[PDB]
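Line by line, the protein sequences are chains A, A' and A''. A prime marks a further copy of an entry chain. For the first sequence, the positions run 0 to 401, 410 to 439, 452 to 543, 557 to 679 when the entry's author numbering is used. For the second sequence, the positions run 0 to 401, 410 to 439, 452 to 543, 557 to 679 when the entry's author numbering is used. For the third sequence, the positions run 0 to 401, 410 to 439, 452 to 543, 557 to 679 when the entry's author numbering is used.
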Amino acid sequence: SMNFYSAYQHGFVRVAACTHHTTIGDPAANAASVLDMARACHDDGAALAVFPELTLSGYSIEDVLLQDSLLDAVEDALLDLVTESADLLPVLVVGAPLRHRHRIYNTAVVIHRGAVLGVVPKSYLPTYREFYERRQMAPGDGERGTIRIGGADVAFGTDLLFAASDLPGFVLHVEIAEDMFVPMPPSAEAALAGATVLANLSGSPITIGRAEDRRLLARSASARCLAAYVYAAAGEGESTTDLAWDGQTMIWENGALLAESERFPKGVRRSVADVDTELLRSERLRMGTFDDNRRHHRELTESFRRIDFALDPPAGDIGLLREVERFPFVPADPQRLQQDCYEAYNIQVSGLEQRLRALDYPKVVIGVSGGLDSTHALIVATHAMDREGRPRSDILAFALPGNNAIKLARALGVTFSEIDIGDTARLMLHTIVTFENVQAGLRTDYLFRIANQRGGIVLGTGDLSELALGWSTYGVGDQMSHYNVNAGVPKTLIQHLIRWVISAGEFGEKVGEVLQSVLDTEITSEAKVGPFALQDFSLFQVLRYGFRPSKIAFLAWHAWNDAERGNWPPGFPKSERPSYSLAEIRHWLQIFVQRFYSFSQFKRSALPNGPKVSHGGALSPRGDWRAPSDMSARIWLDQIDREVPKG
Amino acid sequence: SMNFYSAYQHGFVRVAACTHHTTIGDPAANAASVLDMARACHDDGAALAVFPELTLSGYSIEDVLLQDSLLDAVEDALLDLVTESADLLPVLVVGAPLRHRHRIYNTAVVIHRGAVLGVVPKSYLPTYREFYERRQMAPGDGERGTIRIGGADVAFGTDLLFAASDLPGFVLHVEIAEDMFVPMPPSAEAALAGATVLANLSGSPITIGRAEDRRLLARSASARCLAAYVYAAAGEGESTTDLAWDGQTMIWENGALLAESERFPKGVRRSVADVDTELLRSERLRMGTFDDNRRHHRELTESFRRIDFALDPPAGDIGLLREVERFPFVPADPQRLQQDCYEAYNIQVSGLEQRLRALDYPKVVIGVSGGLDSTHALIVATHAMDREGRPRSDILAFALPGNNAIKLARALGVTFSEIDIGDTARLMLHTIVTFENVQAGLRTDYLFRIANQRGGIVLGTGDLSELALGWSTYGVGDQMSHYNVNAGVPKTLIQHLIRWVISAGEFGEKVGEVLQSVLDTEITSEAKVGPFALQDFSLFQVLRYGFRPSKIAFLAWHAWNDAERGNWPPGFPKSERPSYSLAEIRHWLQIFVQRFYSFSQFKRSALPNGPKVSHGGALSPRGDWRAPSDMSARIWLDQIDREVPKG
Amino acid sequence: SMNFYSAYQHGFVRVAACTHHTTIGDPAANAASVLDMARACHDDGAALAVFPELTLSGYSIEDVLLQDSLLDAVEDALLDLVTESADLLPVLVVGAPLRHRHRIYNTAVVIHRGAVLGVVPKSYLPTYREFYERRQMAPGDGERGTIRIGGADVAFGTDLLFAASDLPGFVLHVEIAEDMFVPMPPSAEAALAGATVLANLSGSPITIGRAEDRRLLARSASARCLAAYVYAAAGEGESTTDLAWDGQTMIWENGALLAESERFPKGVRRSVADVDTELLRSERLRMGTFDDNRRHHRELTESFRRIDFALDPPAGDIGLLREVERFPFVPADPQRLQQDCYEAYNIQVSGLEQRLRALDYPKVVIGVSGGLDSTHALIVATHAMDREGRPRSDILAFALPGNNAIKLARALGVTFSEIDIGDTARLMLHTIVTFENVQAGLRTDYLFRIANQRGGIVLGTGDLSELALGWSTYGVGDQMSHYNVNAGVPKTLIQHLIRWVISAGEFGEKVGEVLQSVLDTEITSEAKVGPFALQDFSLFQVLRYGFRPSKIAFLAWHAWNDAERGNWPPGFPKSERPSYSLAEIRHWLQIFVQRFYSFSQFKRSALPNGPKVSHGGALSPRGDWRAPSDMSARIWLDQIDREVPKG
């Protein structure tokens, strides 16, 4: 029933930061650039278009700001833009010097569908180094009430929110340039009062290092305020009597850069991106201290004035202007991925180290199959022992048949032994896929018994994705161990941790050759539960954000349906770059929500210790995931039936 | 009279962030680690030592926090540390769960010289994902009054400042972990109330990406709050039942990282750095909107309680724990420098572009000597013309004799002409170092006359360092031009902009060969005014911070006296790495303050347009530097006589 | 499209202060005098008519105020005036004792178009010396709410503003007599709250010195409150049992007297004047501390009640009731002009003195052409040298040919030398109106070279009007000098400074004869840029107030079109009293806005030091005028095309 391909119906809001062509001291010309860009934003289906500080006059005109003809021309141009907006989709946020009471104010005028919703004055006017703003303009901090524009009294002040009544996830707040650089910025109080999209109009003459400063402050605002931050600075056309300009625009969301434009461009530029209002909503739902901070500042935050507007956004397929990683646990960017792998590995190792110290260095018993998970756990166990100054021969590795394993153990210098469970199984199957659980259980039973006998503990090797799907023999089974270093690591990341270890090369070339052989042999269960690439994608969206299934399918389809779009991490030869149809994503998603929400929780409910690894979450019922073991997944399956097309 | 080699006498404060060895549930053991580290901080002359969240109990002990024997043992250990501090220099900030009224609070105890100065509870206790803090502990936001510790009632609450009565630049405020992550952090209000050093005790279980998050928030706090930010997280010893720890510590100052320690270390680590309290003071003096923000929140900021203590810091030579760049305008880090050069060049080019458009593309007249400055200006002029779609033959370059110049002009395809001023000079010297000003003036006179005749403007090529020192023939002279693209660029950066242009290679190999020849010929005036490396060093300290001369000499001596210490930017063969004695630095500094404060302002007072380039400042009297043309430098010279040793 | 001849369309508001004929204790008679005067105000197109304190009863009637028949008769008369006002243009402000709650109040009733807008009680009732007011009447300070008049509840209190909704520059506030004499008058808070026109109804028995006291307080109110102040006192008809009355009325604007009436008149009198609401608006726009004062008293100023009314003023030519000086820099009044010239001369001299001291008394090099500007600068240079005890022979004066100059230098006893640039020019024009810039440049080049050679500085002589219009050879040119004493002095004032110096006679009769010869020869460039009388007129309006071009043309046409109207300063024989048509004023104004806003700023952007002289402004880019060097004057030219008739 929803239009599945509509970004607006999935909770996105399309927003634009625009750098126009400045004609200093010519408001009709600045307005014609603005209108042209605003029409491009309309054609793109954008809900918001933010322009540079003092758009209609030029930022850089100093005492010209005070000339009656300049100020009159700004009013005439502004009113003409307002009439134009009757036919434009986006809210426009346009800068203007405007008269109010005794002075002119440096303002952002918020315009929508033929009306002015509000006028927001800059709160802090720098008057130091290259800035002289208090000479021409009055501070807006603490100003409230209304301003008279074109025959209407409209809201004026630095306490205004603009809330889309048909898009509750979109609540706009506006501030100007210096306002975001002070210790207590107006946007931070507005975020706590309910703003989700924070706009900044900037003039910002460019000097060496200044772009880094803008980025630092806008990025950290977006993170600390669990918000999108939409920034536009002035560019070509501002006076270069004493100053230069780079026209930078950028869009941040919760600390992530969604889009940015060319610095020092020839001609106008825009950043345009779909902000996920549900991502912002999900972060604020979970981070309770955000709301405790609002309650601490209740008087400050409860008094904002909320001005309502109806956006009436396009209902159809307008694409999705957003990078959606195929692997939420495996960043495509190589530098970022190296860092993640470094971090995961040390998490795993230091976790195990603390366990070994607290137990006065037991021997470590571990089942090794030659598979990715147990290969990597053995490497972790080895490094933990090395760092604790303990002999590698205190590692007791067991192959348990019902290849690369013995090679790897021999290359590491750990104690390797191979017990054949075939026979004990047989006497079991007699005294009482059955076949295949008896084996799994007898593996575990043995490992524990040897650990008892040898003064050791059992290290587990099962991974987070297996925990998510309940892929595991419950009880006496592979979940059970004294400490599982892989419990927090999703299957999709495991191969990269191994690659990272090989690249490290800190184990020497023989060990690297065996690990490489493991990767080559294992990479090329997924037949029952489907591709781990898709199941790890849904696990992240559910565990981090609680997104509904149709939202997850939509993100997954944009990431995965076309192998040529987007980016792939390192380690994917062209031939190993699969693409998935919506029918496939839908199928594996029905299996995901059933197994995750309903079937699998009981198996997780009694997990072994092991460290949390991913910022996306782990599944410890002592930690990130508290849930009932006895619930149906009916509503999630029904949501898929209702909202995700069959193909 | 001061001890010139004393970092404390130059306004530094030495601060330490420490990660100790956690013994969970054993306060006597945690306190013994703390005391050992605190004694190391004492030996280092540190004024402050901050430890991880809940130091005395362990952060990670969950319901064990509520056990009477744990809480009793924390009190006994805390009191014993307090008695120990009688003999230690630094203020210690140690975490503890402490009983107050109905509940325990997650606290930082601030300890100095045998007394507890104050107890600061955490304001926001996360209870989401891996955090369960509201289960055991009460929120401290809004709590005031006193807490009873060891027979004394001491200040308790999240409104405390600790001010060193003998070191006014050191005013401490403390917050804990999550407190810095909310939209309106307690430290931001404390900065506005007067805090200059903000401490954070953190537990912070480590996950992929989390260190980047800590960095983002601590760095941007330090920048937006014009403060130092001292952060310590827990490491080895915390429980790894569900979580891992990386022991990270770091020290930020105004957005710059001063120090950080090894992640996931074996054993304890500290970051130790000298914070420049005068840098923080100078930034706050200049950025008036910082204080406007305090006045907006007057009620909030005026009610902090200030607790005084006397530090009585070491008076002798304890070195300087701080990286002091030799070239404040030329970052040693290659990536940072590439960025700076990219930015300067585009500033210069786009500045000139706007001037050319506004004048309907005049011809551009430029004097070319073959020197660094005029070589680079000709490159800028060329690129500006290219970008504006204008013919290079509209550039009119003139050699004016009284080599690489004609080569470069020919290689660029601009119009080159060589006028010999020898003869006109002669008739001048007759009709009325004199010799050598007549020449300089006749150069200018000609250039303007040709510009008039040819429908053009004169581009200036003099640089910022020449403006700073008044190295220039005033009037009809080389200062005068229609637009100076070099006016904002200090001499020390010029050579690197040329190198950057060569590396760009966007002009082709012939032009690159000529530029390289310019560098080789020119690099190897400074005999009258001294080394530009030293004069640019002092210019930055004066223009950005207004530091007194003894402070400038001290920084310069630490940067420059030993060629083997510190880092050099790219482009300095081993043989070109000079070192300077204090006697030399003192000599050039006396010349600097006389020329800068007294002699040179009149020549700057009428400068041509050109863009500001460096975040350090430019010298436009319309911009960064407003000063009288008729003042003595007596007090600065006297300060040198009184406070800088002769050698 | 505007009616150019309409004072209302140019932002004037016509206001009247009226002294009526008092019939003590006869309200019908007082109302008939009021109505007669109000009809005269209507016929004059006045927007406001203010009457004396207690108009309807008589001020002086003491306990008769308390008689029921007196109070009833006041109500009946008041209601009848109110019905009459249905047909009158002006707001009427009429005094009445009115019952409210327990007492009568001394009130001003504000009446407009058939309704009572508000009733304002006197705040402070003097009861000392001849005043007994608290005996009969209650204080109004702090009273709010409404009063019942003629079946309507209307606003009552000392917090009322009356704002013309179709004339935003007209916001009225009313106070009574003693209210303006206390340290914190109600009108001062009303000005900060937005009042631009402050009315005072006064009874004010007249004694020796009292008129001076009224003037002092009303004048300084109008200045400190950047407002018009409209004052009317009672006259004939008040009881002379113990007191006399002088019927004074006056209208002040920003410290200037606009109009006043005959003291002790036989019959009624009115002051009627057009208040420039744009002048008040421009002063408040520029004086930021006025608004800082409002923000300091925010609670006080934000709570005024604003009562709106539509004036619907006459749209046609009603003349202009205002003295508009032909020379904003040259007051017509001889005493005022002598003072201005005394002040300018000492400004110039003391400026130069400080420069000479700071440079340890250099020789002073100056180009002397015999013209007004260089003649006067040489006199200034001479007096500065005399005052500093320095020999006149240290002045080095140069004639530079391409008469009165050598006479004047010889008469002063300075060192005179005549260099002929003819020849050096020639060799210049060869090595490369051109002709005529080469000369100007060679003048400058020489002067600087001689200054270098002789241990001196170059004094500039160019004037403010030349700076305004960019009349000057940029660069090496006549702008350039070490110190310009004329930089702040407009051309129109220069001749009067010379006349003043002659009258002083402090140089002796020979020098006076030469100066007189200079005036006679020079007085009788203006062919390219037009009459300096018109260009200085526009410069003042732009620099002081930022008025739009049509407003400037309107003022200039009223000042200049008829030589017989208005006043001329001293020094204008009948034959030298030009008049200008609107077509001429329009033509020179188009040239003015193009040169001033667009063409000329670059030449000013690098000005030499020199002191600000006129309260109207100077053009130092370090001082009064910060503006871009690269802006178009399109909007000002377009404003002229749209709004100023061709002739």
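Think of the CB as a built atom: it goes at the ideal place given N, C-alpha and C, for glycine as much as any other residue.
Do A232 of chain A'' and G202 of chain A'' have their CB atoms nearer than 8 angstroms?
Position 233 of the third sequence, counting from 1, holds the residue named residue 232 of chain A''. Position 203 of the third sequence, counting from 1, holds the residue named residue 202 of chain A''. In this structure, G202 of chain A'' lies closer than 8 angstroms to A232 of chain A'' by Cβ.
One question on the structure: do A585 of chain A and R618 of chain A come within less than 8 angstroms of each other, judged by their Cβ atoms?
By one-based count along the first sequence, residue 585 of chain A stands at place 553. By one-based count along the first sequence, residue 618 of chain A stands at place 586. In this structure, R618 of chain A lies closer than 8 angstroms to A585 of chain A by Cβ.
Show which residues of chain A' have a CB atom less than 7 angstroms away from the CB atom of residue 404 of chain A''.
The model of chain A'' omits the segment between 401 and 410, and residue 404 of chain A'' is among the residues lacking coordinates.
For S270 of chain A'', which three-state DSSP category applies?
Translated into positions along the third sequence, residue 270 of chain A'' becomes position 271. Here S270 of chain A'' sits in strand by DSSP.
Is the shortest distance between the beta-carbon of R468 of chain A'' and the beta-carbons of chain A' less than 8 angstroms?
Translated into positions along the third sequence, residue 468 of chain A'' becomes position 449. Chain A', which has a Cβ nearer than 8 angstroms to the Cβ of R468 of chain A'', makes this yes.
Is DSSP giving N505 of chain A'' helix, strand or coil here?
Position 486 of the third sequence holds residue 505 of chain A''. It is coil, neither helix nor strand.
Please name the residues in the segment 633 to 667 of chain A'' whose beta-carbon is closer than 7 angstroms to at least one beta-carbon of chain A, in chain order.
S637, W657, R658, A659, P660, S661, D662, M663, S664, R666 and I667
Cβ closer than 9 angstroms: which chain A residues qualify as neighbours of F289 of chain A''?
Here residue 289 of chain A'' is taken as the residue at index 290 of the third sequence, counted from 1. Simply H101 and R102.
Secondary structure of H515 of chain A'', DSSP reduced to three states
Your numbering for residue 515 of chain A'' matches position 496 in the third sequence. It is helical.
C-alpha gap between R417 of chain A' and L399 of chain A', whole angstroms:
Working through the second sequence from its first residue, we reach residue 417 of chain A' at position 410. Working through the second sequence from its first residue, we reach residue 399 of chain A' at position 400. One C-alpha to the other measures close to 16 angstroms.
With a threshold of 16 other CB atoms inside 10 Å of the CB of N471 of chain A, please say whether the residue is buried or exposed.
Mapped onto the first sequence, residue 471 of chain A falls at position 452. By the neighbour-count rule (16 or more Cβ atoms within 10 Å), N471 of chain A is not buried but exposed.
How long is the line joining the alpha carbons of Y612 of chain A and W592 of chain A, rounded to whole angstroms?
Position 580 of the first sequence, counting from 1, holds the residue named residue 612 of chain A. Position 560 of the first sequence, counting from 1, holds the residue named residue 592 of chain A. So the alpha carbons of these two residues sit roughly 6 angstroms apart.
For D482 of chain A' and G401 of chain A', the rounded distance between their alpha carbons:
Numbered from 1 along the second sequence, position 402 holds the residue referred to as residue 401 of chain A'. Numbered from 1 along the second sequence, position 463 holds the residue referred to as residue 482 of chain A'. Their backbone Cα atoms lie some 22 angstroms apart in a straight line.
What's the gap between the Cα of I476 of chain A and the Cα of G642 of chain A?
One-based indexing of the first sequence puts residue 476 of chain A at position 457. One-based indexing of the first sequence puts residue 642 of chain A at position 610. Approximately 13 angstroms, taken between the alpha carbons.
Anything in chain A within Cβ reach of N505 of chain A', meaning under 8 angstroms, just list it in chain order.
Mapped onto the second sequence, residue 505 of chain A' falls at position 486. Correct list: empty, because the minimum Cβ distance to chain A is about 13 angstroms.
Under 8 angstroms between C-beta atoms of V364 of chain A and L461 of chain A
As a working mapping, residue 364 of chain A is identified with position 365 in the first sequence. As a working mapping, residue 461 of chain A is identified with position 442 in the first sequence. Result no, Cβ atoms of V364 of chain A and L461 of chain A do not sit closer than 8 angstroms.
Do you know offhand how far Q66 of chain A's Cα is from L669 of chain A'''s?
Sequence index remark: in the first sequence, residue 66 of chain A carries index 67 (1-based). Sequence index remark: in the third sequence, residue 669 of chain A'' carries index 637 (1-based). Approximately 14 angstroms between the Cα atoms of the pair.
By Cβ distance below 7 angstroms, which residues in the same chain neighbour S630 of chain A' in space, the five residues on each side in sequence not counted?
Taking the second sequence and counting its residues from 1, one reaches residue 630 of chain A' at position 598. The residues are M663, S664 and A665.
Can you give me, in chain order, the residues of the segment 343 to 356 of chain A' that have a beta carbon less than 7 angstroms from any beta carbon in chain C?
No chain C appears in the structure shown, which is made up of the protein chains A, A' and A''.
Should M183 of chain A'' go down as buried or exposed, given a rule of 16 or more other Cβ atoms within 10 Å for buried?
In the third sequence, counting from the first residue as 1, residue 183 of chain A'' sits at position 184. Flag for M183 of chain A'' reads exposed.
Step through the CB atoms of chain A'' and report whether any lies within less than 8 angstroms of the CB of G24 of chain A.
For the purposes of this step, residue 24 of chain A is taken as residue 25 along the first sequence, with counting starting at 1. Cβ-Cβ to chain A'' under 8 angstroms: yes for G24 of chain A.
From the DSSP output, which residues share a beta bridge with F308 of chain A?
For the purposes of this step, residue 308 of chain A is taken as residue 309 along the first sequence, with counting starting at 1. Answer is A:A163, bridged to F308 of chain A.
Examine the ligand ATP and report whether any of its heavy atoms sits within less than 7 angstroms of the Cβ of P167 of chain A'.
Of the ligands one can find in the structure shown there are none, so the ligand ATP has no counterpart to examine.
By DSSP, does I623 of chain A sit in helix, in strand, or in coil?
Counting from 1 along the first sequence, the entry for residue 623 of chain A is found at position 591. In this structure, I623 of chain A counts as helix in the three-state DSSP scheme.
DSSP on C17 of chain A'', reduced to helix/strand/coil?
Locating residue 17 of chain A'' in the third sequence gives position 18, where the first residue counts as 1. DSSP places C17 of chain A'' in strand when its eight states are reduced to three.
CA-to-CA distance, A412 of chain A'' to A396 of chain A'', given in whole angstroms
Here residue 396 of chain A'' refers to the residue found at position 397 when the third sequence is read from its first residue. Here residue 412 of chain A'' refers to the residue found at position 405 when the third sequence is read from its first residue. Each residue's alpha carbon lies about 9 angstroms from the other.
When you check each C-beta in the segment 181 to 196 of chain A'' against every C-beta of chain A, which residues fall closer than 7 angstroms?
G193
Span of the alpha helix (DSSP H) around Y341 of chain A'
The residue given as residue 341 of chain A' occupies position 342 in the second sequence. Residues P333 to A357.
Considering only residues of the segment 105 to 136 of chain A'', which uninterrupted alpha helix (DSSP H) runs meet the minimum length of 4 residues and lie entirely inside it, listed in chain order?
132 to 135
List the DSSP bridge partners of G494 of chain A'.
Indexing the second sequence from 1 puts residue 494 of chain A' at position 475. None, per the DSSP bridge assignment.
Sort out for me which residues DSSP pairs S424 of chain A with in a bridge.
Sequence index remark: in the first sequence, residue 424 of chain A carries index 417 (1-based). A:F397, per the DSSP bridge assignment.
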